[PDB]
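Written out below as structure tokens is the structure these notes cover.
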Amino acid sequence: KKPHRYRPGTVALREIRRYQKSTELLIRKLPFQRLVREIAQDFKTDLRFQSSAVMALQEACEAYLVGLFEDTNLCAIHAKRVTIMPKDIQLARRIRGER
Amino acid sequence: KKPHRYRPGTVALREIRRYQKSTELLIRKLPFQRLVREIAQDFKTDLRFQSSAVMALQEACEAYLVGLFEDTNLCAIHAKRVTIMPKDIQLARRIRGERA
Amino acid sequence: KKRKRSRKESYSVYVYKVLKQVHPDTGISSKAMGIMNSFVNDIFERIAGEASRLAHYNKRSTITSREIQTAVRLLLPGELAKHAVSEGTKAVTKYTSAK
Amino acid sequence: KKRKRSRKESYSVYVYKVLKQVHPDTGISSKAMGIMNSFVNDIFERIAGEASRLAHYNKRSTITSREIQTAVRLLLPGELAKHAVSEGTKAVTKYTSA
Amino acid sequence: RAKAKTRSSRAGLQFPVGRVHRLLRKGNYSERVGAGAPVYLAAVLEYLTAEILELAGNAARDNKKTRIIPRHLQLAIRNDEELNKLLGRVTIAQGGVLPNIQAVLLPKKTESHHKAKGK
Amino acid sequence: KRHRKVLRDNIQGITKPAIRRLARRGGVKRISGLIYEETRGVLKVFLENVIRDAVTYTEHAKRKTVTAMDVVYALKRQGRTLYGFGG
Amino acid sequence: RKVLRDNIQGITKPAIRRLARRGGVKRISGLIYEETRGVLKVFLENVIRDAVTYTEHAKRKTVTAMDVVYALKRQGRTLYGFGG
Amino acid sequence: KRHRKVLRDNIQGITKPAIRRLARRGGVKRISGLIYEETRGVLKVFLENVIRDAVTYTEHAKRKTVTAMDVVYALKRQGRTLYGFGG
DNA sequence: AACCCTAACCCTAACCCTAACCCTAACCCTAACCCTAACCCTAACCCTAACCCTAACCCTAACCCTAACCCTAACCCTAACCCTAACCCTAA
DNA sequence: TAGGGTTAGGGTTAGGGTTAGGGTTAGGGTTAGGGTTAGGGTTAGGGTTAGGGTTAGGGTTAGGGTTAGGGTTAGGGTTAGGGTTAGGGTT
């Protein structure tokens with residue numbers, strides 16, 4: 001029997017290094033194709049989306065989200081904590097000015 | 001002498017109230033007519049400032065500093081402290097998108 | 001000496017006649033005319049700058065009402081563009097219907 | 001075919017020539033042409049754009065050479081400005097001779 | 001030249017509808033201005049000058065004065081949510097600031113006794 | 001005649017693994033439990049805002065299709081210029 | 001006019017606290033006073049350099065108020081009032 | 001087939017004349033113009049509140065059909081008590 | 001040192017390709033002008049400098065009370081395998 | 001519309017990281033007296049402008065030719081899958 005259970009928080013450092021070195025999108029295309037379709041229904045119905053329009057919306061949306069999480073992390077390391085939490089996300093948005 | 005020695009924290013909560021209800025300018029005018037003219041000598045020699053463009057630089061360098069200070073205060077109340085410290089002003093600028 | 005006088009042009013007579021319909025009884029000090037005449041010149045350079053890009057993207061050469069109306073729908077926020085697209089439509093309807 | 005497509009214009013032929021001069025043995029993929037062709041068409045709206053306003057404030061009605069030298073000293077950073085204001089004048093000097 | 005009727009009056013708008021045509025044409029915004037555009041754009045400026053100049057007078061009676069001075073302009077464009085999301089970067093000339101003291105630092109509250117020798 | 005489900009994907013597909021893959025690119029080491037509902041509230045107020053300006057351009061041309069040049073034109077106004085997805 | 005140190009010492013300790021008390025701060029640490037003289041010197045360098053570039057275009061040797069209202073407008077902080 | 005579902009135009013389904021016939025039974029003589037949007041706000045909150053309690057009883061019985069002795073058992077709790085269209 | 005992961009290939013095999021080839025369309029030389037950025041006294045005003053003062057504002061100690069920090073445990077909660085078997089791809 | 005493989009979706013478990021409490025000491029706060037400088041005025045003289053006629057060269061502009069740039073296309077040159085070997089320690 002070899003449990004080989006790496007201690008908590010050491011599998012993730014290997015995960016961070018491998019993920020930061022590749023460019024493939026991390027949210028699946030079929031589910032995202034629908035979230036845009038639902039948020040478009042209210043503005044007008046009978047709107048037909050070309051293939052590129054869903055792709056651009058995926059690259060901008062991943063990029064806003066990747067960033068908010070590098071600023072939430074910077075705020076967490078300030079309070080002496082090492083983990084992101086719900087309260088930290090709201091200091092980053094008040095300071096950046098989005099409100 | 002049994003006077004009215006105010007305990008730490010009651011002559012600072014009466015000050016925030018008086019200064020947040022006024023429209024005047026805190027920085028003295030004559031010492032800010034020399035910071036502006038020693039940062040201009042390097043860019044071009046003999047530049048003569050007008051008398052209304054040394055009061056449109058005071059009212060835009062006294063309304064960005066009262067802007068960093070509100071952002072420093074929200075940050076220093078996130079680590080359970082009440083005293084703004086120099087490791088707070090540096091965080092506010094990074095997130096805002098200014099010095100990095 | 002004689003004449004040699006330039007004529008500065010400002011929308012200040014027209015902001016002392018909208019204070020005489022909304023609130024008869026009050027008057028504006030000289031500085032407020034300043035902080036107002038610099039507002040009318042800032043929402044006229046953000047509706048003639050999103051209407052000279054909309055004309056060109058669509059490859060057309062005239063700013064008709066629809067174009068000065070797409071801008072109000074985009075630049076102004078909610079409960080401000082809604083109470084403004086209607087105000088214009090009644091005001092242009094009078095121009096054509098009534099001569 | 002019988003469509004008579006209007007077609008489009010791209011600064012893609014020109015980018016390839018410049019790549020050859022700086023490095024003579026590398027090549028660019030089509031996705032990379034897309035990022036580069038957009039940059040050449042986004043530094044032509046900021047640099048030309050500040051020139052239009054700089055003409056109106058002065059009251060002058062033409063966008064001449066000085067107005068594209070006071071728009072490269074404002075919209076470009078620090079040492080990519082001294083090395084680009086200097087580079088441009090040399091090409092204007094040659095054109096005036098020939 | 002038979003008689004003079006202002007183009008503003010025929011559409012019943014107080015803000016000028018003749019001046020906005022010259023300023024649109026001589027700023028090189030576009031080649032041909034059109035004639036349904038000067039009138040629409042002299043009515044989306046007048047509604048906005050009648051929102052700031054009425055939410056500011058109402059804040060002058062409250063402070064007991066009869067003139068809309070520069071501060072009374074900030075207390076009216078820093079409250080309404082629609083007008084603080086448009087003029088959200090602008091700085092008024094001598095405006096001041098809107099009163100707000102965060103609750104955590106209010107006097108005592110947690111009570112400054114510290115060691116409180118005793119219990 | 002109708003997909004029985006009319007949920008139009010209720011902020012779904014952003015499963016715990018996807019939000020634990022985007023955060024790890026960011027640098028986050030120990031994501032806390034409540035973040036997942038919040039990060040499905042911030043994505044939501046963004047996908048709507050690029051969209052409201054995107055439809056507003058298409059209705060101006062009277063066409064019924066939202067082409068990618070319309071999304072690149074909307075994204076410039078808010079503040080982030082995507083380079084090349086549409087060109 | 002001068003080229004000494006009184007330029008950045010003109011923003012004295014009392015007036016670098018009263019600016020803060022208009023923002024909400026209740027206790028100020030000793031080293032805030034030095035860092036907040038550094039941040040104001042960088043802001044003035046950036047606003048003043050852009051006013052000079054517009055002034056040279058018209059050849060004038062006076063930095064008028066409209067030029068500062070056009071230097072601030074570019075960097076994202078419009079001013080309304082001290083100018084048109 | 002029936003390739004369409006019910007959009008949200010229904011709240012404007014109450015017409016301008018219908019709110020001028022349910023107000024002439026009330027004694028109203030000169031209805032003002034802005035009232036029509038407000039009366040589509042007061043009806044809109046009410047129809048949801050009888051509805052949420054109605055669905056909550058049906059799901060208790062694990063059925064899929066909202067029968068009228070469920071509406072009558074929801075309307076008693078909120079305040080009214082319809083006598084008649086039910087037992 | 002339980003025994004886990006890191007680093008040579010090497011076949012594998014579609015998309016960057018140079019032409020190459022028309023050819024369509026957009027620049028360029030060659031003739032017309034107009035108009036304005038050069039030019040200049042002037043006369044005007046307004047910025048700079050100098051002088052005086054004086055009284056609110058900064059400066060520099062003393063005293064002492066909070067608040068920032070460093071331990072101290074500890075105990076909830078977020079980490080890391082494991083059968084799925086559901087759903088998103090992948091053509092077509 | 002198949003179909004198939006893998007991604008998400010459930011369980012446990014143990015460690016480690018918040019979190020609450022309890023002392024310790026420098027550090028802002030709060031008054032109180034000295035020693036100014038930063039404001040106001042008034043003169044005055046130079047230092048930079050505001051129009052205003054007046055050229056002349058630099059534009060525009062509307063004709064020609066014609067060159068250069070924009071589509072389409074086999075077949076080769078990387079370039080990744082795709083398995084071994086390597087190679088890092090890592091619980």
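Residue numbering restarts at 1 for every chain of the structure tokens, chains are lettered A, B, ... in their displayed order, and ligands are numbered from 1 as they appear.
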Near residue 91 of chain B, within 9 Å and counting only C-alpha atoms (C1' of nucleotides), which residues show up once chain neighbours fewer than 6 positions away are dropped, as a PyMOL selection string?
(chain A and resi 74-75+78) or (chain B and resi 72+75)
Output N, CA, C and O atoms for every residue in that selection, as a short mmCIF file (atom, residue, chain, number, x, y, z; two decimals), in the first residue's frame.
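So the final result, stored in part.cif, reads:
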```cif
data_model
loop_
_atom_site.label_atom_id
_atom_site.label_comp_id
_atom_site.auth_asym_id
_atom_site.auth_seq_id
_atom_site.Cartn_x
_atom_site.Cartn_y
_atom_site.Cartn_z
N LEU A 74 -3.50 39.83 -3.85
CA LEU A 74 -2.55 40.82 -3.27
C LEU A 74 -3.15 41.36 -1.99
O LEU A 74 -2.39 41.59 -1.04
N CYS A 75 -4.46 41.57 -1.97
CA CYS A 75 -5.15 42.06 -0.75
C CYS A 75 -5.07 41.02 0.37
O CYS A 75 -4.95 41.42 1.55
N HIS A 78 -1.85 40.86 2.37
CA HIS A 78 -1.73 42.06 3.25
C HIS A 78 -2.23 41.77 4.66
O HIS A 78 -1.55 42.18 5.60
N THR B 72 -6.49 54.65 1.17
CA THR B 72 -5.61 54.10 2.23
C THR B 72 -6.46 53.68 3.43
O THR B 72 -6.22 52.59 3.93
N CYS B 75 -8.23 50.33 3.12
CA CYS B 75 -7.23 49.23 3.21
C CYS B 75 -6.76 48.99 4.64
O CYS B 75 -6.57 47.83 4.99
#
```
Extract, using only C-alpha atoms (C1' of nucleotides), all DNA, RNA and protein residues at most 9 Å from residue 6 of chain A, discarding same-chain residues fewer than 2 positions from it, and format them as a list in words.
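In the requested format, the answer is residues 3, 4, 8, 9, 10 and 11 of chain A; 80 of chain I; 90 and 91 of chain J.
A least-squares superposition of chain H on chain F, with Cα atoms paired in sequence order, returns an RMSD value of 1.5 Å.
If only C-alpha atoms are the atoms counted, then among C:27, C:38, C:16, C:81 the closest residue to chain E is C:27.
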Hey, what's within 9 Å of residue 33 of chain G if we count only C-alpha atoms (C1' of nucleotides) and toss same-chain stuff fewer than 2 positions away? As a list in words, please?
residues 12, 13, 16, 17, 28, 29, 30, 31, 35, 36 and 37 of chain G
File dump, residues just selected, N, CA, C and O atoms, as an mmCIF file, in the first residue's frame:
```cif
data_model
loop_
_atom_site.group_PDB
_atom_site.id
_atom_site.type_symbol
_atom_site.label_atom_id
_atom_site.label_comp_id
_atom_site.auth_asym_id
_atom_site.auth_seq_id
_atom_site.Cartn_x
_atom_site.Cartn_y
_atom_site.Cartn_z
ATOM 1 N N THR G 12 4.195 71.348 4.473
ATOM 2 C CA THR G 12 4.598 71.095 5.882
ATOM 3 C C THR G 12 3.768 70.034 6.580
ATOM 4 O O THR G 12 2.719 69.702 6.059
ATOM 5 N N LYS G 13 4.225 69.540 7.729
ATOM 6 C CA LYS G 13 3.523 68.437 8.440
ATOM 7 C C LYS G 13 2.104 68.823 8.831
ATOM 8 O O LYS G 13 1.230 67.985 8.648
ATOM 9 N N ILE G 16 -0.129 68.381 5.792
ATOM 10 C CA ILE G 16 -0.175 67.044 5.149
ATOM 11 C C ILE G 16 -1.003 66.167 6.077
ATOM 12 O O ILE G 16 -1.108 64.966 5.797
ATOM 13 N N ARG G 17 -1.568 66.759 7.138
ATOM 14 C CA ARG G 17 -2.489 66.020 8.041
ATOM 15 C C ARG G 17 -3.892 66.559 7.821
ATOM 16 O O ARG G 17 -4.807 65.766 7.712
ATOM 17 N N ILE G 28 -2.425 58.986 12.309
ATOM 18 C CA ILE G 28 -1.472 58.975 11.164
ATOM 19 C C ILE G 28 -0.100 58.575 11.688
ATOM 20 O O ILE G 28 0.363 59.221 12.609
ATOM 21 N N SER G 29 0.526 57.563 11.100
ATOM 22 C CA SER G 29 1.848 57.080 11.557
ATOM 23 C C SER G 29 2.891 58.101 11.163
ATOM 24 O O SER G 29 2.590 58.910 10.306
ATOM 25 N N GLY G 30 4.065 58.070 11.777
ATOM 26 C CA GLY G 30 5.110 59.081 11.528
ATOM 27 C C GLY G 30 5.657 59.091 10.117
ATOM 28 O O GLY G 30 6.003 60.172 9.640
ATOM 29 N N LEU G 31 5.792 57.932 9.483
ATOM 30 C CA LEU G 31 6.443 57.881 8.150
ATOM 31 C C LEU G 31 5.463 58.177 7.011
ATOM 32 O O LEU G 31 5.931 58.228 5.879
ATOM 33 N N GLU G 35 6.401 59.699 2.821
ATOM 34 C CA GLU G 35 5.969 59.066 1.555
ATOM 35 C C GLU G 35 5.039 60.022 0.824
ATOM 36 O O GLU G 35 5.160 60.090 -0.396
ATOM 37 N N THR G 36 4.202 60.788 1.526
ATOM 38 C CA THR G 36 3.187 61.631 0.832
ATOM 39 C C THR G 36 3.794 62.936 0.318
ATOM 40 O O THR G 36 3.007 63.830 0.003
ATOM 41 N N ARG G 37 5.119 63.097 0.368
ATOM 42 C CA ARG G 37 5.750 64.266 -0.288
ATOM 43 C C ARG G 37 6.298 63.708 -1.582
ATOM 44 O O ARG G 37 6.467 64.471 -2.524
#
```
Give me, as JSON lines, the closest atom pair and its distance (Å, one decimal) for every residue of chain G within a cut-off of 12 Å of chain D, counting only C-alpha atoms, rows sorted by chain and rising number.
```
{"residue": "G:46", "atom": "CA", "partner": "D:74", "partner_atom": "CA", "distance": 10.6}
{"residue": "G:47", "atom": "CA", "partner": "D:74", "partner_atom": "CA", "distance": 11.4}
{"residue": "G:49", "atom": "CA", "partner": "D:74", "partner_atom": "CA", "distance": 9.2}
{"residue": "G:50", "atom": "CA", "partner": "D:74", "partner_atom": "CA", "distance": 6.9}
{"residue": "G:51", "atom": "CA", "partner": "D:74", "partner_atom": "CA", "distance": 10.2}
{"residue": "G:52", "atom": "CA", "partner": "D:74", "partner_atom": "CA", "distance": 10.6}
{"residue": "G:53", "atom": "CA", "partner": "D:70", "partner_atom": "CA", "distance": 6.9}
{"residue": "G:54", "atom": "CA", "partner": "D:70", "partner_atom": "CA", "distance": 7.7}
{"residue": "G:55", "atom": "CA", "partner": "D:58", "partner_atom": "CA", "distance": 10.3}
{"residue": "G:56", "atom": "CA", "partner": "D:70", "partner_atom": "CA", "distance": 9.0}
{"residue": "G:57", "atom": "CA", "partner": "D:70", "partner_atom": "CA", "distance": 7.3}
{"residue": "G:58", "atom": "CA", "partner": "D:58", "partner_atom": "CA", "distance": 6.9}
{"residue": "G:59", "atom": "CA", "partner": "D:58", "partner_atom": "CA", "distance": 10.7}
{"residue": "G:60", "atom": "CA", "partner": "D:58", "partner_atom": "CA", "distance": 11.3}
{"residue": "G:66", "atom": "CA", "partner": "D:57", "partner_atom": "CA", "distance": 9.8}
{"residue": "G:67", "atom": "CA", "partner": "D:57", "partner_atom": "CA", "distance": 9.8}
{"residue": "G:70", "atom": "CA", "partner": "D:57", "partner_atom": "CA", "distance": 9.9}
{"residue": "G:71", "atom": "CA", "partner": "D:74", "partner_atom": "CA", "distance": 9.8}
{"residue": "G:74", "atom": "CA", "partner": "D:75", "partner_atom": "CA", "distance": 9.6}
{"residue": "G:75", "atom": "CA", "partner": "D:75", "partner_atom": "CA", "distance": 10.4}
{"residue": "G:84", "atom": "CA", "partner": "D:57", "partner_atom": "CA", "distance": 11.9}
```
Limited to N, CA and C atoms, could you put the picked residues into a file as a PDB file, in the first residue's frame?
```pdb
ATOM      1  N   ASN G  46       4.310  65.055 -13.860  1.00  0.00           N
ATOM      2  CA  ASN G  46       3.538  64.645 -15.059  1.00  0.00           C
ATOM      3  C   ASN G  46       2.568  65.748 -15.510  1.00  0.00           C
ATOM      4  N   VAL G  47       1.837  66.445 -14.635  1.00  0.00           N
ATOM      5  CA  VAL G  47       0.906  67.490 -15.158  1.00  0.00           C
ATOM      6  C   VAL G  47       1.700  68.645 -15.760  1.00  0.00           C
ATOM      7  N   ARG G  49       4.792  68.764 -17.162  1.00  0.00           N
ATOM      8  CA  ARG G  49       5.517  68.503 -18.430  1.00  0.00           C
ATOM      9  C   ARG G  49       4.568  68.614 -19.619  1.00  0.00           C
ATOM     10  N   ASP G  50       3.357  68.079 -19.522  1.00  0.00           N
ATOM     11  CA  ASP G  50       2.359  68.158 -20.620  1.00  0.00           C
ATOM     12  C   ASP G  50       1.879  69.592 -20.849  1.00  0.00           C
ATOM     13  N   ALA G  51       1.766  70.433 -19.826  1.00  0.00           N
ATOM     14  CA  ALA G  51       1.412  71.846 -20.094  1.00  0.00           C
ATOM     15  C   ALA G  51       2.510  72.519 -20.914  1.00  0.00           C
ATOM     16  N   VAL G  52       3.774  72.250 -20.605  1.00  0.00           N
ATOM     17  CA  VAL G  52       4.888  72.885 -21.352  1.00  0.00           C
ATOM     18  C   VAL G  52       4.778  72.450 -22.818  1.00  0.00           C
ATOM     19  N   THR G  53       4.493  71.184 -23.131  1.00  0.00           N
ATOM     20  CA  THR G  53       4.491  70.746 -24.551  1.00  0.00           C
ATOM     21  C   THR G  53       3.430  71.495 -25.340  1.00  0.00           C
ATOM     22  N   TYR G  54       2.247  71.709 -24.786  1.00  0.00           N
ATOM     23  CA  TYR G  54       1.239  72.529 -25.506  1.00  0.00           C
ATOM     24  C   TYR G  54       1.717  73.976 -25.601  1.00  0.00           C
ATOM     25  N   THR G  55       2.353  74.516 -24.566  1.00  0.00           N
ATOM     26  CA  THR G  55       2.723  75.948 -24.623  1.00  0.00           C
ATOM     27  C   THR G  55       3.697  76.156 -25.779  1.00  0.00           C
ATOM     28  N   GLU G  56       4.652  75.253 -25.984  1.00  0.00           N
ATOM     29  CA  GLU G  56       5.677  75.424 -27.045  1.00  0.00           C
ATOM     30  C   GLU G  56       5.014  75.396 -28.413  1.00  0.00           C
ATOM     31  N   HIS G  57       3.904  74.694 -28.568  1.00  0.00           N
ATOM     32  CA  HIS G  57       3.336  74.585 -29.933  1.00  0.00           C
ATOM     33  C   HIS G  57       2.980  75.976 -30.428  1.00  0.00           C
ATOM     34  N   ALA G  58       2.445  76.833 -29.566  1.00  0.00           N
ATOM     35  CA  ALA G  58       2.009  78.161 -30.049  1.00  0.00           C
ATOM     36  C   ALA G  58       3.161  79.148 -29.921  1.00  0.00           C
ATOM     37  N   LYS G  59       4.293  78.703 -29.385  1.00  0.00           N
ATOM     38  CA  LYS G  59       5.523  79.534 -29.287  1.00  0.00           C
ATOM     39  C   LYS G  59       5.435  80.484 -28.098  1.00  0.00           C
ATOM     40  N   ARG G  60       4.336  80.459 -27.367  1.00  0.00           N
ATOM     41  CA  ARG G  60       4.181  81.425 -26.269  1.00  0.00           C
ATOM     42  C   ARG G  60       5.166  81.063 -25.164  1.00  0.00           C
ATOM     43  N   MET G  66      -5.815  77.547 -19.531  1.00  0.00           N
ATOM     44  CA  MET G  66      -6.436  76.520 -20.386  1.00  0.00           C
ATOM     45  C   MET G  66      -5.435  75.380 -20.616  1.00  0.00           C
ATOM     46  N   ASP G  67      -4.126  75.617 -20.744  1.00  0.00           N
ATOM     47  CA  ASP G  67      -3.208  74.486 -21.025  1.00  0.00           C
ATOM     48  C   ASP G  67      -3.266  73.468 -19.889  1.00  0.00           C
ATOM     49  N   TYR G  70      -6.203  71.370 -20.208  1.00  0.00           N
ATOM     50  CA  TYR G  70      -6.022  70.345 -21.279  1.00  0.00           C
ATOM     51  C   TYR G  70      -4.945  69.311 -20.933  1.00  0.00           C
ATOM     52  N   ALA G  71      -4.029  69.583 -20.011  1.00  0.00           N
ATOM     53  CA  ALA G  71      -3.103  68.516 -19.584  1.00  0.00           C
ATOM     54  C   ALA G  71      -3.841  67.512 -18.713  1.00  0.00           C
ATOM     55  N   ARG G  74      -6.388  64.873 -20.488  1.00  0.00           N
ATOM     56  CA  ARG G  74      -5.818  63.697 -21.198  1.00  0.00           C
ATOM     57  C   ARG G  74      -5.609  62.532 -20.249  1.00  0.00           C
ATOM     58  N   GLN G  75      -5.146  62.797 -19.042  1.00  0.00           N
ATOM     59  CA  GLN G  75      -4.755  61.686 -18.143  1.00  0.00           C
ATOM     60  C   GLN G  75      -5.965  61.083 -17.419  1.00  0.00           C
ATOM     61  N   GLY G  84     -12.340  77.082 -19.424  1.00  0.00           N
ATOM     62  CA  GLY G  84     -13.570  76.758 -20.162  1.00  0.00           C
ATOM     63  C   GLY G  84     -13.388  75.509 -20.994  1.00  0.00           C
TER      64      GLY G  84
END
```
Residues of chain I within 10 Å of chain D, using only C-alpha atoms (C1' of nucleotides), as a PyMOL selection string?
chain I and resi 15-16+37
Correct to one decimal, the distance atom CA of residue 48 of chain B-atom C1' of residue 47 of chain I is 7.8 Å
Can you pull out every residue within 12 Å of residue 52 of chain J, counting only C-alpha atoms (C1' of nucleotides), but drop anything in the same chain fewer than 3 positions away, and send it as a PDB file with C-alpha atoms (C1' of nucleotides), in the first residue's frame?
```pdb
ATOM      1  CA  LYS C   4     -10.728  95.868 -31.830  1.00  0.00           C
TER       2      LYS C   4
ATOM      3  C1'  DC I  39       5.260  89.618 -42.198  1.00  0.00           C
ATOM      4  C1'  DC I  40       5.191  94.058 -38.833  1.00  0.00           C
ATOM      5  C1'  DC I  41       4.680  98.419 -35.585  1.00  0.00           C
ATOM      6  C1'  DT I  42       2.077  99.279 -31.680  1.00  0.00           C
TER       7       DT I  42
END
```
Compile a residue-level contact table for chain F against chain I at a cut-off of 9 Å, reporting for every qualifying residue the shortest atom pair and its distance in Å to one decimal, with only C-alpha atoms (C1' of nucleotides) counted, rows ordered by chain and ascending number, as a Markdown table.
```
| residue | atom | partner | partner_atom | distance |
| --- | --- | --- | --- | --- |
| F:30 | CA | I:78 | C1' | 7.6 |
| F:31 | CA | I:78 | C1' | 8.4 |
| F:32 | CA | I:78 | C1' | 7.5 |
| F:33 | CA | I:78 | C1' | 8.1 |
```
Determine which residues of chain J sit within 10 Å of chain G, taking into account only C-alpha atoms (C1' of nucleotides), and present them as a ChimeraX atom specification.
/J:27-29,48-49
Let's have the selection written as a PDB file, in the first residue's frame, with N, CA, C and O atoms (P, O5', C5', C4', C3', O3' and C1' of nucleotides).
```
ATOM      1  P    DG J  27       8.378  53.740  18.296  1.00  0.00           P
ATOM      2  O5'  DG J  27       7.035  53.791  17.442  1.00  0.00           O
ATOM      3  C5'  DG J  27       5.856  53.104  17.901  1.00  0.00           C
ATOM      4  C4'  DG J  27       4.675  54.045  17.959  1.00  0.00           C
ATOM      5  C3'  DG J  27       4.943  55.465  17.455  1.00  0.00           C
ATOM      6  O3'  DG J  27       3.763  55.962  16.819  1.00  0.00           O
ATOM      7  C1'  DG J  27       4.150  55.569  19.648  1.00  0.00           C
ATOM      8  P    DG J  28       3.638  55.955  15.226  1.00  0.00           P
ATOM      9  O5'  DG J  28       2.303  56.787  14.980  1.00  0.00           O
ATOM     10  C5'  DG J  28       2.141  58.093  15.558  1.00  0.00           C
ATOM     11  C4'  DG J  28       0.825  58.187  16.294  1.00  0.00           C
ATOM     12  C3'  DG J  28       0.223  59.591  16.300  1.00  0.00           C
ATOM     13  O3'  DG J  28      -1.206  59.576  16.197  1.00  0.00           O
ATOM     14  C1'  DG J  28       0.720  58.934  18.528  1.00  0.00           C
ATOM     15  P    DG J  29      -2.013  60.957  16.042  1.00  0.00           P
ATOM     16  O5'  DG J  29      -2.452  61.288  17.537  1.00  0.00           O
ATOM     17  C5'  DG J  29      -3.253  60.361  18.296  1.00  0.00           C
ATOM     18  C4'  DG J  29      -3.599  60.940  19.649  1.00  0.00           C
ATOM     19  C3'  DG J  29      -4.072  62.395  19.635  1.00  0.00           C
ATOM     20  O3'  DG J  29      -5.185  62.539  20.521  1.00  0.00           O
ATOM     21  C1'  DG J  29      -2.231  62.174  21.100  1.00  0.00           C
ATOM     22  P    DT J  48       9.609  87.872 -21.996  1.00  0.00           P
ATOM     23  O5'  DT J  48       8.242  87.840 -22.811  1.00  0.00           O
ATOM     24  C5'  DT J  48       7.213  86.909 -22.443  1.00  0.00           C
ATOM     25  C4'  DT J  48       5.843  87.509 -22.651  1.00  0.00           C
ATOM     26  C3'  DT J  48       5.173  87.102 -23.967  1.00  0.00           C
ATOM     27  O3'  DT J  48       3.939  86.429 -23.709  1.00  0.00           O
ATOM     28  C1'  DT J  48       4.891  89.410 -23.530  1.00  0.00           C
ATOM     29  P    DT J  49       3.456  85.254 -24.674  1.00  0.00           P
ATOM     30  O5'  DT J  49       1.999  85.723 -25.111  1.00  0.00           O
ATOM     31  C5'  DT J  49       1.815  86.630 -26.212  1.00  0.00           C
ATOM     32  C4'  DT J  49       0.834  87.716 -25.836  1.00  0.00           C
ATOM     33  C3'  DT J  49      -0.245  87.975 -26.889  1.00  0.00           C
ATOM     34  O3'  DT J  49      -1.477  88.349 -26.266  1.00  0.00           O
ATOM     35  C1'  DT J  49       0.982  89.942 -26.553  1.00  0.00           C
TER      36       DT J  49
END
```
With 10 Å as the cut-off and only C-alpha atoms counted, what is the closest atom pair between each nearby residue of chain C and chain F? Distances in Å to one decimal, ordered by chain and number, as JSON lines.
```
{"residue": "C:50", "atom": "CA", "partner": "F:77", "partner_atom": "CA", "distance": 9.8}
{"residue": "C:54", "atom": "CA", "partner": "F:57", "partner_atom": "CA", "distance": 8.3}
{"residue": "C:57", "atom": "CA", "partner": "F:73", "partner_atom": "CA", "distance": 9.5}
{"residue": "C:58", "atom": "CA", "partner": "F:61", "partner_atom": "CA", "distance": 7.2}
{"residue": "C:66", "atom": "CA", "partner": "F:60", "partner_atom": "CA", "distance": 8.0}
{"residue": "C:67", "atom": "CA", "partner": "F:60", "partner_atom": "CA", "distance": 8.0}
{"residue": "C:69", "atom": "CA", "partner": "F:60", "partner_atom": "CA", "distance": 9.8}
{"residue": "C:70", "atom": "CA", "partner": "F:60", "partner_atom": "CA", "distance": 7.2}
{"residue": "C:71", "atom": "CA", "partner": "F:56", "partner_atom": "CA", "distance": 9.5}
{"residue": "C:73", "atom": "CA", "partner": "F:56", "partner_atom": "CA", "distance": 7.8}
{"residue": "C:74", "atom": "CA", "partner": "F:53", "partner_atom": "CA", "distance": 6.6}
{"residue": "C:75", "atom": "CA", "partner": "F:77", "partner_atom": "CA", "distance": 9.4}
```
I need the contact residues of chain H against chain F, so if you could list those with any atom within 12 Å, counting only C-alpha atoms, and return them as a ChimeraX atom specification, that would help.
/H:1-7
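Residues in contact with segment 35-43 of chain H at 10 Å, where only C-alpha atoms (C1' of nucleotides) are counted and same-chain residues fewer than 3 positions away are skipped, are listed as residues 11, 12, 13, 14, 15, 16, 17, 18, 19, 20, 31, 32, 46, 47 and 48 of chain H.
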Distance of atom CA of residue 38 of chain E from atom CA of residue 20 of chain E, expressed in Å to one decimal place:
5.8 Å
If you run DSSP on the backbone, which residues of chain F are helix (DSSP H, G or I), as a ChimeraX atom specification?
/F:16-26,35-61,68-78
Please identify all residues of chain I having at least one atom at most 12 Å from any atom of chain A, considering only C-alpha atoms (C1' of nucleotides), and return them as a list in words.
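So the contacting residues turn out to be residues 2, 3, 4, 5, 78, 79, 80, 81, 87, 88 and 89 of chain I.
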So how far away is atom CA of residue 1 of chain G from atom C1' of residue 50 of chain I, in Å?
15.0 Å
Can you pull out the residues contacting residue 62 of chain I? Cut-off 12 Å, using only C-alpha atoms (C1' of nucleotides), and skip same-chain residues under 5 positions away; I want them as a ChimeraX atom specification.
/J:30-32
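Using only C-alpha atoms (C1' of nucleotides), the residues found no farther than 10 Å from residue 56 of chain J, other than those of its own chain fewer than 3 positions away, are residues 35, 36 and 38 of chain I.
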